[PDB]
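Chain by chain, the residues run as shown.
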Amino acid sequence: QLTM
Amino acid sequence: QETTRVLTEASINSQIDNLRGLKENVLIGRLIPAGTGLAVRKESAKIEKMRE
Amino acid sequence: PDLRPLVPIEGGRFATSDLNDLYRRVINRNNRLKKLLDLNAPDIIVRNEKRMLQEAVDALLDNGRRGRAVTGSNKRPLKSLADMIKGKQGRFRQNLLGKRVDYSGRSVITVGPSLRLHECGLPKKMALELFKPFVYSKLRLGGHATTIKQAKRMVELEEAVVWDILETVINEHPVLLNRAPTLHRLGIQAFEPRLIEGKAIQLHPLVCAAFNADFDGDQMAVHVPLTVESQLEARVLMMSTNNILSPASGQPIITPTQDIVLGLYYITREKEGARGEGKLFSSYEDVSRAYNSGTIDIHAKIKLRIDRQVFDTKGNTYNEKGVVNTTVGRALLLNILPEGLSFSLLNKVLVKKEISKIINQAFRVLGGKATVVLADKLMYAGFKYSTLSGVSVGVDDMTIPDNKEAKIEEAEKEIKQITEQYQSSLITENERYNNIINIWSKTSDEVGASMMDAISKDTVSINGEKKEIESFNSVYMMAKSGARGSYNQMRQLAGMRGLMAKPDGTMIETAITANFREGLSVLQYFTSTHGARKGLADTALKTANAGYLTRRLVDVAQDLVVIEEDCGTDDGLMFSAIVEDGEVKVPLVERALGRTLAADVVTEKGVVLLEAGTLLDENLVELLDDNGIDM
Amino acid sequence: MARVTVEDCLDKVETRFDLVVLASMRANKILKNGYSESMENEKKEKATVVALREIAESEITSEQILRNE
Amino acid sequence: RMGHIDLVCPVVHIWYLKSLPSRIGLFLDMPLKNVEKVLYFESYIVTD
Amino acid sequence: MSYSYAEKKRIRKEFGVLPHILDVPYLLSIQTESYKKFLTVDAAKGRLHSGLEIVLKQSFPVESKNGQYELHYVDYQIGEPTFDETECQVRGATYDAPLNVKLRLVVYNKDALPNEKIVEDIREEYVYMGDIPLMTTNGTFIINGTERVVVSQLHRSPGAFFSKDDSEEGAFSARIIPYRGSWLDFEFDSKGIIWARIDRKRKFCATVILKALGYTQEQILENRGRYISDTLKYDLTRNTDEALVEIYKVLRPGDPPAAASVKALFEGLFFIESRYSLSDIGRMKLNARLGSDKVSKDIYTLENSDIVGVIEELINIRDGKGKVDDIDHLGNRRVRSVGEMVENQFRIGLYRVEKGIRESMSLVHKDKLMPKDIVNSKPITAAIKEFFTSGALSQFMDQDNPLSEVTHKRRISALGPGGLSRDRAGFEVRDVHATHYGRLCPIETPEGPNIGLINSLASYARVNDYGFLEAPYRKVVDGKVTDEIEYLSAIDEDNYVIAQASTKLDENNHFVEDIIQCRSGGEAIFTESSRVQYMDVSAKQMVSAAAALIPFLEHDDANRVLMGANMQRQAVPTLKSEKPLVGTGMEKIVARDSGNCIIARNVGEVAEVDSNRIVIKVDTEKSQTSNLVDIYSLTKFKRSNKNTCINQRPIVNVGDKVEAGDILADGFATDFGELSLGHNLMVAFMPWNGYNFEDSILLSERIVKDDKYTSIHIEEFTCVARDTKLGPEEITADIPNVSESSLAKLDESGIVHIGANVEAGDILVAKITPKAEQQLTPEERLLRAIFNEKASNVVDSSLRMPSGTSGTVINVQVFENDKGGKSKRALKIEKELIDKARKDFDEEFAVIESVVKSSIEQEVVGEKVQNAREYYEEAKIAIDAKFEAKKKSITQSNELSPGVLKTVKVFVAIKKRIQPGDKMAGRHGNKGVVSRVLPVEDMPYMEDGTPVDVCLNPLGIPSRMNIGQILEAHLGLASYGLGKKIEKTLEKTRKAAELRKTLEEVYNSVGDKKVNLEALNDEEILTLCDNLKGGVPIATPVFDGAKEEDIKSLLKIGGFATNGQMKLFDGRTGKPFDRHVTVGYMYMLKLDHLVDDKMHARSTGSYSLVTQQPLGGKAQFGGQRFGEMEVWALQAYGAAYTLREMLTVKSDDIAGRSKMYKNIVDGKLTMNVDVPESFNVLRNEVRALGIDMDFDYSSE
RNA sequence: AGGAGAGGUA
DNA sequence: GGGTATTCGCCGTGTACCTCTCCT
DNA sequence: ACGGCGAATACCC
Ligand SMILES: [Mg+2]
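Quick notes on the rules
- Residues numbered from 1 in each chain as written, not as in the entry; some residues may be left out.
- Chains lettered and ligands numbered in written order.
- Part of a larger assembly, values for the part shown.
- Heavy atoms only, no water.
- Residues with missing side-chain atoms left out of burial classes, pairs and counts.
- Helix = DSSP H or I, 4+ residues; strand = E, 2+ residues; numbered from the N terminus.
- Buried < 20%, exposed > 50% of the residue type's maximum accessible area, 1.4 Å probe, protein only.
- Areas by Shrake-Rupley, 256 points an atom, 1.4 Å probe, with all protein chains shown as cover.
- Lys, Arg positive; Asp, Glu negative; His and termini not counted.
- Charge placed at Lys NZ, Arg CZ, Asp CG, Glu CD.
- Pairing = 2+ DSSP bridges.
- Contact = heavy atoms within 4.5 Å.
- Axes fitted to C-alpha atoms, helices over the stretch in contact; angles between N-to-C directions.
- Nonpolar A, V, L, I, M, F, W, Y, C, P; charged D, E, K, R; others polar.
- Parallel < 35°, antiparallel > 145°, perpendicular 65-115°, else oblique.
- Left-handed = near helix turned anticlockwise from the far one by under 90°.

Asker: Can you break down the overall build of chain E residue by residue, with the values?
Answerer: Broken down by element type, chain E carries one helix and zero strands. Expressed along its principal axes, the backbone C-alpha trace of chain E runs to roughly 40 × 25 × 20 Å. Burial analysis of chain E (48 residues in total) assigns 33% to the buried set. For chain E, the exposed surface amounts to about 3,700 Å²; the carbon and sulfur share of it is 59%. Between the mean site of the 5 positive side-chain charges and the mean site of the 5 negative ones, chain E shows a separation of 11 Å.

Asker: Describe the sheet that holds strand 11 (residues 195-197) of chain F, with residues and values.
Answerer: Residues and elements named next belong to chain F. One open sheet holds the five strands; their spatial order is 8-9-10-11-12, and the pairing between them is antiparallel. The sheet is open, and its two edges are formed by strand 8 (159-161) and strand 12 (204-205), each paired on a single side. Here strand 9 (residues 173-177) runs beside strand 10 (residues 184-187); their pairing, made up of four bridges, is antiparallel. Pairing of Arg175 across the sheet is with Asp185, part of strand 10. The strands that helix 10 (residues 305-318) touches are strand 8, strand 9 and strand 10; relative to strand 10, the one it contacts most, it runs at about 30°.

Asker: Before we move on, can you summarise the interface of chain C and chain D with the specific residues and values?
Answerer: On the side of chain D, 20 residues touch chain C, which itself brings 23 residues to the contact. For the side of chain C that touches chain D, the elements supplying multiple residues, two or more each, are helix 7 (162-169), helix 9 (228-238) and helix 14 (368-387) of chain C. When residues in the side of chain C that touches chain D are grouped by element, the largest group, eight residues, is from helix 9 of chain C. Residue classes in the side of chain C that touches chain D are distributed as eight nonpolar, nine polar and six charged.

Asker: Residues and numbers for the packing of helix 13 (residues 352-366) of chain C against helix 14 of chain C, please.
Answerer: All names here are of chain C. Where helix 13 contacts helix 14, the axes come no closer than 7 Å and their chain directions differ by 155°. With respect to each other, helix 13 and helix 14 are oriented roughly antiparallel. The two elements helix 13 and helix 14 meet at a crossing, and its hand is right-handed. For the pair helix 13 and helix 14, the contacting residues are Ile355, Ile358, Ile359, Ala362, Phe363 and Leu366 in the first and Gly368, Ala370, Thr371, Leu374 and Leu378 in the second.

Asker: Hey, could you go over the interface of chain F and chain C for me, with residue numbers and the actual values?
Answerer: Contacts between chain F and chain C engage 137 residues on the former and 124 residues on the latter. When residues in the side of chain F that touches chain C are grouped by element, the largest group, nine residues, is from helix 25 (residues 1125-1133) of chain F. Residue classes in the side of chain F that touches chain C are distributed as 67 nonpolar, 41 polar and 29 charged. Sheet analysis places strand 1 (residues 100-101) of chain C next to strand 48 (residues 1120-1121) of chain F, joined by two bridges and oriented antiparallel. Bridge pairing in strand 48 of chain F places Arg100 of chain C opposite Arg1121 of chain F.

In structure tokens form, the structure reads like this:
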């Protein structure tokens, strides 16, 4: 759910 | 990971593995030391005491 | 030899190993160099032999370390001994942390919404395989077959006396169900099976956000616990009724989600001048009987008489009485509330947040089974009243504002003036960027604002009643319910899609001034495929990044277990509010809840409130905020 | 999960792990007593829930008596 | 149940030579670039 | 708009505003126009040399070693295949034709090199060279009885590519890529010193390679900065051969320098055509990039100047006078199709042939040396067969329906030999470049690890003669759009402004606007209209063929169109086909441009019809001098690659006047020549009871009885009769000790009867092989004396049906022992088969000349030697050729697998209805699993009593912004109403002047397309009107479709509200719902993800050999993998007893499994978990290295 | 029985 | 002698499931 | 292909  | 880099050193140092762990205890198929694997040891320490 | 086997093949062949190839390549150089040594052959070739005997053994132990690619028949390098124990496909992984198992099956999952939270639907065809020795014993027990061969025989003919034995055998015998990536421990839960007919598995609608499942194709595996210590471990620890809250937070995981939220949101709204407004009821039976007659609305304000007990924070139990001002729909939910909870919980509009709050309170104040009964009942009521509502979606729900065309034309005239500046060389990067993109980014949100002043408001003017009322639009009620949908997703259906991104990240100067309702052109639909492909490409080239991190974390922290009640220490950390340097962004409360104290918490005047060693809970963290403490 | 609650037993035992250990000892002693094979195929319950229920009723056994050394 | 292979020439164990570090190029204190010449027949060493 | 045979039995109303400029080119012409260049010659397209012969022509003169021998290629011809495409997959052959080449020898008196081969031995002849598989008429290959497709390939085009690799500054590269050869590349550094490199050697300085002329003084003359000066005072080599031996020290580790081996290498790495080639594209792309044409147009090797210029341009690009290259531009990527690949493998194998001939040209010593015992043909057949059998771009064909095939033949992979990997690549070869517009579809790709690397072809796109995709545009000359189509390549259109198809023109083809959205560098722009140069020809020019089948696509979200396109390639075809009522006008094109519909080749009129053939009577006055009779044969219940069913049905009636191109039969999932993957359902968008909760679907059970989604599935089993060592395997029915009841459904031979209903576990074929040496244990010795068991010298390798399955046998095929006199049974069966099959060929032939003579005695009764005295002797040869081959087998139509005697096949067919668990979908990206089949009196119903078909949750629609799914249901209500407006009139005064008047308001009231029914006669109005009773079909193109004013007008005419919404009634009580629901006619599919082939439970099966765990995969008996992430979860619960048995007693505690099973069956309790047998395996192979791992007791 | 290549599902 | 400053090699890169042909 | 880490060696403090 979090990459950028 | 890094299985050879680990096994060569372990064999030169003639290391010993006290099983003692979660993962170490699933490779040889016995109760992990957690959860119900602790409590059966605990609740069984009470029986040899009561038979004495 | 039985570990490098020589199984035959189809038609007079042998699918031999690579451990026999590399053993032969060593014996055939050992013998050669031996009888070369016997003859006193020259040293210039005996050395060439010795160098060849060495490389053969280095390949037997592992090829690729020094040699190039010592290779077999199918131009594929041979597999050594140091490859049968290493890497993702070695022995440790794939065989010792692995282990395919018996008493196991699979199928597709369907929805089955008449189940209780502790139940699953299991086909007869699967459940007859999985429970087959149990059935053999129960046949040969109750005098149907004498030796296990006749029982084995009547199980394959699928007699009639077999399908009720199977119903009694799987009665109170649980099973575990698992989904594809088990991302946390809620991905395995135990259930109680009930034989259905068909070939899919029925999954209770509330255990789906745990598993991360939906019903557009997913499958699931079923395992059967065999021993009484594993059958008890299935009920006491894994059974789905115990897994009410997340282990990563305290929040609930059985909160109604999509069209249970819409029914409960619908019936608890209220309409001002409605049919039956102001009546006086004295029970839930009253409002029910009067509603089932078609003479009273479900959004009509009424007055109801309540008389119930309500536990509060300290644990005391006062008495709630009187005549409250309600809606017909809220008072129809009063039947499922248990004793302990106040009717102020239901007496509101019941967006998703408030339903989760109801389940929170039911768990904290009443416990476990009270909550898993309240959740089932909320499920049934939402499922029922979203149906009876006949709620749908058409194309006129997507209402396009009336100012859109003028907004966009003014943005265009401003763009033309910016390039008018640029043609006389008065600006270089702004007069073709960061200015046009700001014009379009501002107009995008003005039009997204105009679009909610049209899907949210309404109008009635009946009795000189000309004023704005909250709409019952079906697209709006789906978002404001928190059931499904955002403001940007709704902004693209009926506003304008605005600016898009080339994959590097910069903004394409020409904005999509059209939404999905009027339809995109082809030069506008093209520029929105870059972002779509970039997103889809990120999505699959990223689960490897996160799965690697998870596996590392589980290997660093695996053997940490809670093994004693107290260690006697008196040291810790100073907790505060995690401000940004501008504002709080998280309170000290909600950061100190559940954490025990290492030092006393003396106040600024001098007196202490809490000694060291107190497990902080919700009934002790108000003292931290009411008495001005901040570290 | 019909009529034996784990919350009913967590008023007598600890840790939810002790419950499993003790219930399994009780169930093993029930099963190593007969409990079937003669006249009560579809007339009884499973030793798992029979053992789990005697803890929730302060019935035939309590944690201290569950031993039978 | 295993058996064995009576080699007539001694041969080093590749692991104790190329596992980085080398437990063989470290006992003697000679760089592996020089142990690999003596072990694959391209130079000499004075044992004494 | 009637205008065809089948296009006027049911006319489709078309919407849209844009004209017709260019019709969709033939779809498969990327597979068929490339195997034509390989094998044939065409002087119209300037191909004077087929490419099979440019390979021979360039390599043949061998001239072994001064031996008065020199071979010369003269000519070739390709043979005729043994069988036809239809018989190969029947028998198991590959559809190939032999190649024979003409080769002439020369000799003389073996003199002191006085023309040693000029005088005598001038022999010449035709010699067999190899087999070449032929491409069938559609574009597939039968390779061992298996249809295949050879996917295209997108690779890097030869030439010089100046990269940058921007990590530091000043780093600039320059690679020269060959078609085949070595990679000469250079580079720079922020220090400023030009280096070099060959294929993957270490970096050695750049002036080393420069020594081809050396001459340190004559370098700087033609070379002005300190860059080579930092290299020319970096080159220690002075002489040529010194630098050569230096470079040789890089081409060989451990070698000594020679004097004629070192110079040969360099002079033959970039200058020998047999080892290095630029291949006609490297040469022209080089001459373009470097600009000059100093080198010829046919020099495919590295001239010396093509390195000096590369060095010069590398330093100039480093100094700012030039631009670097774009690696993902479709100007720098070329397409290589199947003809080019097979030509490469032909060159590979032919080099070995010509290197073996001259070798054994000497070692053959005899008289009268004919050129037949010196050339071998095995290394050509064996390389082409390797490409086709084991290649990676030569794949199983996707059948499953017509669209799967059409869309698999149009696919362009970037992987494969000479391309990327699914792992090495990342994040920029997977991206929609600006030059994909018009050339590759930017919507259709896989959804796994292949995304961005498979990339099917666009609609109007063309691979040109060099391999670069192209797309057509309309010239805008003098500001006025003209009608001269022109194909432009990505490099070409880089300098043009290109409008779109839907810009507004005004009666003179000028633009009405003054600022439009164009594409000015592939990039979008808002520019004046006076700047425009081109304009598209269509609006589906951008999208693929499977995405142009989706109506209302400009109202959908690309993420969902992507999966709506991908899911109608998995749709199972149904029992009875059914058009879409809302379509795009492309189902006809996709069903026609595949070879499933039968097409008439000549104007004629139907003479005979049944469900096996059609006989047309050619009207020869308007057609060519054809056979006077066309016979079309029909495919009936044929198995597909996905086990589905292919079947053709005739459309025509005896007496019908047909034309050239008209459809005479429908095939694989087609209905009057339109593609029909699913059915039209009456859908209500509302939640029902949690039965459409997440994405589930609720069905009507009026649908299972109507047999809507039922499909036929044909499964083929095989039994072989081997020739095993210890005894031959016979297929005689004498099954030892088999129950006599199970001996009923089998004929006197031992095979089942065609037409029997077999269940799971029955004998299909009875084969017996021997078996001796029983030696049963003492248990059988103590209880075998009570019945006196007999001894068996034979075993039963008798085929049985698998588990779960059933069906009826529809076909049995036998191929008996090759080259062996069969007994009174097998030879008799083969003789009866010959007598029956030649007879059927007789009756097929006795009717062709029957119609021919009926026509010959037609124009003469009312010299007769012109067209009558030729036909009868032609068909006799036909029955002659078909008659022997129909029995001219190898007694098994093949070698019959040496070691095997007889191979028999059996076909079983079964019907499968939809059920809870099966996956359904619509064309708009919405899928879901069927949860319940409701009775019909529980479904919501309309006011007049009509129930509903499906209920679909409305929540899924606004979150996933696919609105075309709603507009489709509105336009389906409209058409359902229009089609009941006709059924009302048909039951009251069924004249043909009334029907002609309701059709006018159904058709010509909304829109500007005007069906023009004044061209059908009253017998045609009566069948048109009787086909429009389910709904008037409507066609809405893909970016030029119906508006909303139009759907509202049609909804009015149908008598509905101008929203899709109406009052429904609770089927369970009868009172309405509040809030009008949206009802309509969505078109829904059924995908090949049935729950019948997914269930699989297992209790105890059979285990592996090495590790002794259960097997896995549902095909043996499976067992599910309790992985490691599934062990972390049991650890996080604290479930120690659950985790200890899922690791020992359930999988590989060999001694524990047996005891657990024996305990459960007896009702006991005991558990010892000794140690998993896969830890003994690991400690036994860690000591197979030199290490000692062991257990211990720790006393200290 | 095992392995390769190719495709697909979640 | 001491200390960087490239240079080159080694180890790593998510889970479960289905189908086909081809080789041994 | 990419990254990060570690032993190796050559070029200046
Ligand atoms: Mg899913």
